[PDB]
Amino acid sequence: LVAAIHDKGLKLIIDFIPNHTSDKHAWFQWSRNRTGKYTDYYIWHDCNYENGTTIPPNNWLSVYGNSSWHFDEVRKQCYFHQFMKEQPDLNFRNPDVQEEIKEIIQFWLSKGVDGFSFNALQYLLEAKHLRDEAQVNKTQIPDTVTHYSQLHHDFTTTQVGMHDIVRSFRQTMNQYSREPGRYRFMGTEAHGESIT
Amino acid sequence: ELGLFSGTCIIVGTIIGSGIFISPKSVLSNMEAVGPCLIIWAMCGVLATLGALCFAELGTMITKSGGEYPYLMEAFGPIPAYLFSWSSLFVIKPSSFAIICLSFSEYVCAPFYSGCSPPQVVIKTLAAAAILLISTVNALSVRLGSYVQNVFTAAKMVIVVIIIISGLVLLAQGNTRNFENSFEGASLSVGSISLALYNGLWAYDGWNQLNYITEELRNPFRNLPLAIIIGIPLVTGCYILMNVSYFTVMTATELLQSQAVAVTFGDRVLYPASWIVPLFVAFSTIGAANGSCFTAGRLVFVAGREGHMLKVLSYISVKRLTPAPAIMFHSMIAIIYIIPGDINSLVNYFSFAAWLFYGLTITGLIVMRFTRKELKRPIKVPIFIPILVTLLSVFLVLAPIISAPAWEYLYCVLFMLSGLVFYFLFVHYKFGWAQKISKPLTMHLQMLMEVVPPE
Amino acid sequence: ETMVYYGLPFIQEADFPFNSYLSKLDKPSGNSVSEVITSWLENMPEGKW
Ligand SMILES: *[C@@H]1O[C@H](CO)[C@@H](O[C@@H]2O[C@H](CO)[C@@H](O)[C@H](O)[C@H]2NC(C)=O)[C@H](O)[C@H]1NC(C)=O
Ligand SMILES: *[C@@H]1O[C@H](CO)[C@@H](O[C@@H]2O[C@H](CO)[C@@H](O)[C@H](O)[C@H]2NC(C)=O)[C@H](O)[C@H]1NC(C)=O
Ligand SMILES: CC(C)CCC[C@@H](C)[C@H]1CC[C@H]2[C@@H]3CC=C4C[C@@H](O)CC[C@]4(C)[C@H]3CC[C@]12C
Ligand SMILES: *[C@@H]1O[C@H](CO)[C@@H](O)[C@H](O)[C@H]1NC(C)=O
Ligand SMILES: *[C@@H]1O[C@H](CO)[C@@H](O)[C@H](O)[C@H]1NC(C)=O
Ligand SMILES: [Ca+2]
């Protein structure tokens, strides 16, 4: 298909979403086992788990709405996920994960893909201190906050070093966009709330 | 004297020029597939060998100083000899000078317009500045003509082996995707096959002017047909081994995008120093133009004896022994050619007129060998090679006009017949008033340009 | 947070941020001085000064 597209004079760009993987990914199966360097590919933390009910490290919520931490039986720790529990978030603060996302960008550009569309980019980094958010309704009981819209998201979206990760993806795509007529396009999806 | 190894080294360097850098785009835009456009470089490569072999016959048996003007005088009479002298001064030689200089500005201005095509005003203002500079240097001096020639034929061959070696190494690494499913969209037709033989044969231009080497060949009769049948077939083998080195790197859809084909190649394969291709090709292309301007005064001398062309054109300047009126008239016609047309509309216009006179010559070869002339011929070619060159050229001259008619052919036919009118009203009838328009013209020109008859 | 002022391999910034961590030692111990030296040199980017 990539050959049939280039012969027509067209270009092909594909969706890329580097924030999370599935909990069936090989990286996560090794990480829960604490295997090798994969023990820190994901964001883990200690949490008390007794009688099926877990207290999370903070009040951070998922985007689809519930506690954003989930207990893992093999690791005996909680892993972070912005979206549903089937999507653990990669840990982009250690340099091992960024070299993996750098080889996937290189794998698809070698096949002739003409560029990418990066999704869920504001969720790349989170605050390291893991402090609780500020509720929208301050006089609300802290055990009924279960909706993503009931919090101010200052520690889970658009953190400080987030733009230097996206600028690093652009440099990896510059090694392939040097020959004239084969520039690699990079586009991102916009923040729904802000235009600045 | 020059041996057989040097007997080919002159002819192979003569054939390979700036045609291999401009024609691939044009032969592929008519074959539409990698497979057939590879057999065109062989089919026209063989057709150029039988041409140069037939020209070896006339070059030995006639044995006159004129290039090809004698061969039409000896066979058909004085009207085709004059009609060729007319066209080779207004059509064949000026337009071949305009295509070489139009193809030198496609390679100088292609890097500065990366990703897209340059405007037409840039590739004509730069071509008009090359024609005037090439024709001015070759008029002020002769040493500077041959000063930079041996270096300009080095850069020509340095690139030819760089493209080939790179296109072979990449073929070992398995980059076979382009010619895997060849012939799939081949548009073979008398329309396309003819128009694609024009552009393929233009890369072989220079096989007719190959007879001068016999004078210094060690054993001409025994070695020249050998130096030809192993020299040119060595070059067609170096073209399909260079056109293959294009399709190994880029695809059939990206070829037609750029006019400078070798510039698209140097960016993809030679990234650290990719400026080497537009720099070296600009050297060789301006060197091949230097070879055209040198021979401009050649044919007008031999045709100036028989009173066919004006004798003032053969006059030489005294301060510098350079055919100044021949050159500045040879370039002034080229300037009028780069203005209306572009490379593709001139390769058709050139290879049309050039190929009817290429036919009339080798038909005169058999016609003289069949009935009229019984003189001895030192080297003899079999009878089946000339009948092929004429039956091929009669297809090349007549199929494009009927199947793919264009306005370029009309202006070509109107030029020769205009010379046919100049035959009767100026040289055939010799009117009285016709003289008094010539005599005051020549010496005033001599007065203004301080030129002198050669001998 | 201090090492961000060194810049990135493609965006240039301060030539170096001033290391004031030696100016903080109030007691001359061997491991107090050794901790400042290795904390700056391992956290620093690759080709920096
Ligand atoms: C968080 O997850 C719980 C499940 O543990 C959700 O609660 C269930 O929601 C569905 C809605 O279709 C109900 O049918 C179930 O009865 C609920 N379960 C219980 C035990 O009440 C809860 O809605 C989620 N929070 C969200 C989506 O904000
Ligand atoms: C924010 O939520 C609080 C509840 O946590 C609202 O305060 C009152 O809460 C009591 C709880 O027993 C209710 O009985 C009252 O009806 C609530 N007052 C209302 C609804 O006016 C508080 O009003 C909420 N504020 C906003 C802006 O929604
Ligand atoms: C007269 C000629 C041989 C002079 C030039 C010599 C040097 C500069 C040439 C000769 C053959 C060339 C190589 C041919 C093929 C390749 C493979 C390609 O993927 C990268 C460039 C590379 C590796 C070329 C580098 C330059 C090279 C080594
Ligand atoms: C994790 O450890 C268990 C226990 O030995 C083993 O059965 C399983 O295969 C391991 N999985 C991975 C992905 O290492
Ligand atoms: C144990 O589980 C039961 C489930 O009904 C729950 O009510 C109880 O609070 C749990 N106890 C602890 C200490 O978690
Ligand atoms: Ca994340």
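These residue numbers run from 1 along each chain by written sequence and may not equal the entry numbers. Residues without coordinates are not shown. Starting at A for chains and at 1 for ligands, labels are handed out in the order in which the entities are written. Any value you read here covers just the chains shown, which are one part of a larger assembly. Side-chain metrics rest on all non-hydrogen atoms present in the structure, leaving aside hydrogens and water.

- The deposited coordinates for this entry were obtained by cryo-EM, with a reported resolution of 2.83 Å.

- In the nomenclature of the PDB entry, chain C is known as neutral and basic amino acid transport protein rBAT of Ovis aries.
- This entry appears in the Protein Data Bank under the title "Ovine (b0,+AT-rBAT)2 hetero-tetramer, asymmetric unit, rigid-body fitted".

- The name given to chain A in the PDB entry is neutral and basic amino acid transport protein rBAT, and the organism recorded there is Ovis aries.

Focus on the interface of chain B and chain A
The accessible area lost on association of the parts is a frequent measure of interface size.
Here comes step 1: We call two residues in contact whenever any of their non-hydrogen atoms come within 4.5 Å of each other. On the side of chain A, eight residues touch chain B, which itself brings seven residues to the contact.
Here comes step 2: The three residues of chain B that bury the most area against chain A are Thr253(B), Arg268(B) and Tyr271(B), which together make up 56% of that side's buried surface.
Here comes step 3: Every case where a carboxyl oxygen of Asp or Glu lies within 4 Å of a side-chain nitrogen of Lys or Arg is listed as a salt bridge. Across the chain B-chain A interface, the total number found is one salt bridge.
Here comes step 4: Any N or O atom pair separated by 3.5 Å or less is treated as a polar contact, with the protein-specific requirement of one donor-capable and one acceptor-capable atom, and with residues adjacent in sequence counted only for side-chain atom pairs. Counting the contacts that link chain B with chain A gives one residue pair in polar contact.
Here comes step 5: In this classification, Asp, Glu, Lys and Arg are treated as charged, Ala, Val, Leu, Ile, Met, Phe, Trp, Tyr, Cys and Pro as nonpolar, and every other residue, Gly included, as polar. When its residues are assigned to classes, the side of chain B that touches chain A shows one nonpolar, three polar and three charged. Buried area, as used here, totals the accessible surface that two parts lose on assembly, with accessibility defined by a 1.4 Å probe and the loss added over both.

Section: the packing of helix α10 (residues 190–202) of chain B against helix α18 (residues 343–372) of chain B
Residue and element names in this part refer to chain B.
Here comes step 1: Here α10 crosses α18 at 85°, and the two axes come no closer than 9 Å. What the angle tells us is that α10 and α18 run roughly perpendicular. Between α10, through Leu195, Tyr198, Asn199, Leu201 and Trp202, and α18, the contact on the second element is made entirely by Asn344, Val347, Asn348, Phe350, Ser351, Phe352 and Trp355.
Here comes step 2: In terms of residue class, the contact of α10 with α18 is built from eight nonpolar, four polar and no charged. Angles run from 0 to 180 degrees between N-to-C directions of axes, and those axes are lines fitted to C-alpha atoms, restricted for helices to the stretch in contact. Strands are runs of DSSP state E lasting at least two residues, helices are runs of H or I lasting at least four, and both sets are numbered from the N terminus onward. To sort the angles, those under 35 degrees are grouped as roughly parallel, those over 145 as roughly antiparallel, those from 65 to 115 as roughly perpendicular, and the leftovers as oblique.

So, the packing of helix α9 (residues 149–172) of chain B against helix α12 (residues 232–247) of chain B
Residue and element names in this part refer to chain B.
Here comes step 1: In contact at an axis separation of 8 Å, α9 and α12 are set at 60° when each is read in the N-to-C sense. Regarding the angle of α9 to α12, the classification is oblique. Here α9 runs over α12; the crossing is left-handed. Of the residues in α12, those touching α9 at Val160, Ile163, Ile164, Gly167, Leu168 and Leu171 are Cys238, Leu241, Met242, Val244, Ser245 and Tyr246.
Here comes step 2: Tallied by class, residues from the contact of α9 with α12 come to 10 nonpolar, two polar and no charged. Put simply, a crossing is left-handed when the front helix is turned counterclockwise from the back one by less than a right angle, and right-handed when it is turned clockwise.

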